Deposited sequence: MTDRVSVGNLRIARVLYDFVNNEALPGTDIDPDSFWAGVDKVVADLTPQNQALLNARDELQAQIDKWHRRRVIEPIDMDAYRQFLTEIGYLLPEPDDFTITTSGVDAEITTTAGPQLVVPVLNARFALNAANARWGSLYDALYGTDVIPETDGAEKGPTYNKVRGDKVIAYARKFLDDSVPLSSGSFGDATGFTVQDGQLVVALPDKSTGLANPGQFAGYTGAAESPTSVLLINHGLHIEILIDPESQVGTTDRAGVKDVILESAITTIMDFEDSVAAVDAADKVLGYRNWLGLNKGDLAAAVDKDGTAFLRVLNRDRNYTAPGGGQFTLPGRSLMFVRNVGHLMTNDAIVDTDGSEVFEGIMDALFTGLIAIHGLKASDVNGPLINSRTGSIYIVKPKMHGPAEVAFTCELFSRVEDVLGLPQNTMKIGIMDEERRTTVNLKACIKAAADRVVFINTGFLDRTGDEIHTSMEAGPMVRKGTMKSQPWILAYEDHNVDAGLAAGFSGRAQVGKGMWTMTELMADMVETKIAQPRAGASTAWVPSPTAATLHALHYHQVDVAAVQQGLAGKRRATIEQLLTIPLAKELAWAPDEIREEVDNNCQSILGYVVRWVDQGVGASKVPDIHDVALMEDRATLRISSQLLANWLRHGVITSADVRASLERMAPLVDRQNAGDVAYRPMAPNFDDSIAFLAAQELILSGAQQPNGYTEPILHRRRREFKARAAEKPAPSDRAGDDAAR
C-alpha cells in the first residue's frame, strides 16, 4: 500500500509528500505535530460528523412518511409547520443579536461588488480569476452581445470601427451616469489634466470639473498630460486610460484607449461543485494550485502586481492588483480515500479540506517571494449545511484546526452558503452559531432548488425546472436571507450575497436583469468569468447598495408560511409536447455535464440546452435536473421508457458537441460508464441522500479511472 501510517490513519503517499515538501515549509509548524493533529482531529470529530448525517436521514424519512400518510390536498400549513417543529426540523428563533466577527478585510466588510467563482483544479482559470480584480470594459463590451451584432456592427476577424464606436459611446454614457461632470458630458471631452489637485476635463468650448470633485482618486503620468485618470464611485475604482497613438485612442475625441473597472473584488477558489476530485491525486492538484495562489508563484502566465498611482495632491499610493481570495471546501457529506483508517474506512473530506486548505492558507498571510488577507483572516466558504447544529460543528472543526495549526482562535472565517431548506428556515440560528466567524451569507439558489425538490419528493409532482426560479418559496427565501443578514448587523461587517449567472453568452440579458440583485440589498453576487465580473460591476455603479441596505433596516418581508410553500404542480398543467420538452431538456443537460465529469474529470462545462442556449453547468444544476426527473418518474408524470428514450435520443447530440480526446456514448450506451452514470442519477435520484449527486459521480469517475488503467 502506497500509504503512510499516522496513528489510526493511512495517508496516500502523494498527499503526505505534498504536505511535507510543499505545504508545511514556511509555516513554522512541526510536521510531526501537524500529522498527529490530523489524526487527533479526525478521531475526535468523525462521530459527531456521522451523527449529523444520520439526523438528516432521520428527518427526511419522517417527512417522507408524513406526505405518504395524508391524501388531503392541497395542504394544512398549520399542521405541516407543527410537525416540522415537533420533529425538530424547525427550531425556535433566537433573540436578536449583532455579529462580532473581527479581523476582516475591507473587500468584505465595506466594498460592494462582483464575486467570481472558479475551479481550483484548473490553474490557468484560477490565475485569470485572481487577476480579474481589474478588467477591460472595452474588451467586455466589444467581445459580448452587450453591443448587439446588428447589421454593420458585427465582430469579424479584424477591428470593426462601427462596433468600437458603439463601445466607446456605451462607456461615455456609463462615465456620465457614474462620475458626472459639473456641466456637459464625457461624450464631448477632448482631454484631461490635473490642476491644484483637481481633475479638469476639456470640452469643445469650455472646461469643467467633477460635480463631486471627491470622486477623483488619482492619476498616472504627468499631471499636465496624464497617461490615465483614476476615479472612484460607490467604493469601486474606474480608470480611464489615455493613449492617442494606440489603435483605439487614435480614433477617440480625447485619445482614450480603454476604461478599466475594478471588477472581481473577491474570488472563490472552488474545491466543491465546479471541480471533480475523487482521490488523492485529484486533491493534490487542487491543493497545489491553492498553494501557489497563496505563495504568489503559481504560473501556467503569472499573478499581477499591485497598481501604482499618483494621488490628487501629488503623493504616491498603491491599489491591490489581485482579487481577495476565498476557498470553498466541500461540505459534511462525502468521504475520500486520500486517507483511510485501519478498517479501511474513508475519512470525511470536509474535515480534510479544513486541515489542508487552512494550512495552505497560512502562506497567504505572509510575504510572497504580496499578500492575501492583510488583516490576518482565512476565508473558507462552507457549502451544503443543514441547520445550526451543522454550523456549530463547522465552527468547532475550525477551532480544532486552528489549534493544530498554531493559529489564533477565529482566524478561520466562514462564508455560510444558504442553500438547504433546514438552514433557510433556521437562518438566524445558523448565523448566531457562527456569530464570531461569519463573513458572509449567500443564497445558493441552485442547490437550494435541489433540496426543495428532494425534501418534498413524496408530496407530489413539482413544477418544471424553468418555473422554479419564480416560485413563491424561492422569492421568500431570497428576501428572508437579506433580512436575516441585515438584522444581524451585516451592513459594514459582512457580505450579503446572491446567485450565479449561468448564461455565459447572454451578457446583454445579464446586464439588463442581474441588476435586481444589488437592488435587493446584496453587497455581492456570483459571476463565472472575468468578463462577467467587469460587466456585473456596472450594476454597483448604478445602485447604491449601502443606501439600499439602509432602507431595508428592520423590515420583515418573508413569512415562514411562504418559505414552506412547496412548488407542487397544479392539476393538468402540461401538454404532451411540454412534458417531452422538459424531459429532453433535462436529459441533455445531465448527459452533457456527466460525460465530461466521468470521462475527463471536468467539474464545470458549457452545455447547450434544448433551446441551444449555452449554460455553465456544475453539480448543483445536475442536482436539480436529476431530482426533477426523479420526482416526475415517481408521481406518474413520465415512464421509465420515456427517460430511457430521451437519454438515448440526446446522447448522439451531446457526442457531436464534443467530437477533443472524447469517448462517444452512443451507440453502445450500456458500455459507456458516463452514460450509465447519467441513467443512475435519475433512476436512483430519489434514494440519494438529500438528492446529492456526489456519491454516484465519485463512484463512476473512479470506476472509469480504473478501466482506463488496464
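Participant: Which parts of the deposited sequence have no C-alpha atoms in the model?
Facilitator: 1, 302-311, 381-384, 675-676, 728-741 are the stretches of the deposited chain that have no C-alpha coordinates in the structure.
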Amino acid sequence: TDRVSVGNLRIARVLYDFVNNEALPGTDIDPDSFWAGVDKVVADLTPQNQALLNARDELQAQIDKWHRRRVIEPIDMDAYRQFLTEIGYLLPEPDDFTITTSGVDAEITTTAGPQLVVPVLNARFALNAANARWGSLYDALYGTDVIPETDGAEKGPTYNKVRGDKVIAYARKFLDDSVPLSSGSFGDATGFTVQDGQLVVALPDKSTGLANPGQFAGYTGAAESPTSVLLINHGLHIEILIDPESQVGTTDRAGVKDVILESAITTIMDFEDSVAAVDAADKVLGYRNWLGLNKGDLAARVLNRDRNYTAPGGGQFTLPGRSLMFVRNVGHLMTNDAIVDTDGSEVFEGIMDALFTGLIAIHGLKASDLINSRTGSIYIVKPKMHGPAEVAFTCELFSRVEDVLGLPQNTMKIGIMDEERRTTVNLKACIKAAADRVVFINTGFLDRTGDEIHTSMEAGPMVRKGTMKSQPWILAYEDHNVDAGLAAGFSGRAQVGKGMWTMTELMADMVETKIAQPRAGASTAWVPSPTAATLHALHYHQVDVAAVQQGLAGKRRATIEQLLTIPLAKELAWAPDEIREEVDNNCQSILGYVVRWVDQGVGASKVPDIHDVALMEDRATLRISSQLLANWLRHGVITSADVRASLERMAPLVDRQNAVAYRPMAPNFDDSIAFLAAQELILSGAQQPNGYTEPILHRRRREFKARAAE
From here on, numbers count along this sequence of modelled residues.
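Participant: Tell whether, across the other compared PDB entries, at least a third have no coordinates for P518.
Facilitator: Looking at the other entries that model residues on either side of it, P518 is present in every one.
Participant: For the other entries of this protein included in the comparison (both sides of the residue modelled), is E578 absent in a third of them or more?
Facilitator: no, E578 modelled in all other entries.
Participant: Averaging the C-alpha B factors as listed in the entry, name the stretch that ends up higher: 590-598 or 201-209.
Facilitator: Higher mean C-alpha B-factor: 201-209.
Participant: On average, which has the higher Cα B-factor in the deposited entry, 57-65 or 649-657?
Facilitator: Higher mean C-alpha B-factor: 649-657.
Participant: Reading the B-factor column of the entry, which of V381, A558, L538, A520 has the highest value at its C-alpha atom?
Facilitator: Answer for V381, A558, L538, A520: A558, with the highest C-alpha B-factor.
Participant: For the C-alpha B-factor as written in the entry, point me to the maximum among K173, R422, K498, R305.
Facilitator: Most elevated C-alpha B-factor of the set, per the entry: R305.
Participant: What third of its chain, lowest, middle or highest, does the C-alpha temperature factor of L681 fall into?
Facilitator: As the PDB entry reports it, the C-alpha B-factor of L681 lands in the lowest third of its chain.
Participant: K161: which third of its chain by C-alpha temperature factor?
Facilitator: Answer is highest: the recorded C-alpha B-factor places it there.
Participant: Could you tell me which third, lowest, middle or highest, the C-alpha B-factor of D297 occupies within its chain?
Facilitator: Within its chain, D297 is a middle-third residue by C-alpha B-factor, going by the deposited values.
Participant: Taking the C-alpha B-factors as the PDB entry records them, is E512 in the lowest, middle or highest third of its chain?
Facilitator: According to the entry, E512 has a C-alpha B-factor in the chain's middle third.
Participant: Can you tell me which third, lowest, middle or highest, the CA B-factor of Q688 falls into for its chain?
Facilitator: Answer is middle: the recorded C-alpha B-factor places it there.
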